[PDB]
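*Asks:* Curious how this folds, go ahead:
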Amino acid sequence: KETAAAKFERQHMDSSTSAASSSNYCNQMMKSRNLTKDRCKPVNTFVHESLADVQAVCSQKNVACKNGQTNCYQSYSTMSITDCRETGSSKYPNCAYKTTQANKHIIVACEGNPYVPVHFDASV
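*Replies:* Numbers count the residues shown, from 1 in each chain. Next up is the structure itself:
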């Protein structure tokens with residue numbers, strides 16, 4: 001079974017590419033990471049930093065989560081990310097996405113022992 005930590009890695013980690021991300025990227029990645037299986041996931045972010053660097057965020061700046069919980073953390077440095085946002089013409093099962101690269105501080109929710117990212121909350 002898939003742990004919360006594993007689910008975060010599947011949904012939000014892509015250390016294999018530095019940034020770039022072609023115009024095809026989100027279309028390919030949203031499908032390959034199984035985020036278009038049950039529906040088109042509307043918004044999803046991939047982080048192009050090492051797993052160690054993203055895991056490290058759980059020891060960085062404590063901030064309020066969007067849902068009001070207190071277990072979110074903002075990265076001290078900007079990170080290379082790709083936001084995937086479902087187009088207006090996208091229709092399941094043919095989910096279509098806009099691919100946008102950015103360099104921003106990420107905010108993740110952390111849980112467990114070891115204390116690791118389990119939710120991607122925002123970029124700022």
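*Asks:* Leaving out chain neighbours, which residue sits closest to the residue of the chain positioned farthest from its centre?
*Replies:* Within the chain, the residue lying farthest from the chain centre (C-alpha atoms, centre = their mean) is residue 89, at 22.9 Å. Excluding its sequence neighbours, the residue lying closest to residue 89 (C-beta to C-beta, 6 or more residues apart in numbering) is residue 96, at 6.5 Å. Bear in mind the C-beta positions are built from the backbone N, C-alpha and C, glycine included.
*Asks:* wait, the one you found sits on residue 90?
*Replies:* Yes: assessed by C-beta atoms under 8 Å, residue 96 is found in contact with residue 90 at 3.8 Å.
*Asks:* which neighbours do the two share?
*Replies:* The contact sets of residue 96 and residue 90 overlap at residue 40 (C-beta atoms under 8 Å, 6 or more residues apart in numbering).
*Asks:* For the closest residue to residue 46 other than its chain neighbours, give its distance to residue 84.
*Replies:* In this structure, residue 46 finds its nearest non-sequential neighbour in residue 14, 4.2 Å apart by C-beta to C-beta, 6+ apart. In this view, residue 14 and residue 84 are 11 Å apart by C-beta to C-beta, to the nearest Å.
*Asks:* likewise residue 48?
*Replies:* Residue 48 is 13 Å from residue 84, where distance means C-beta to C-beta.
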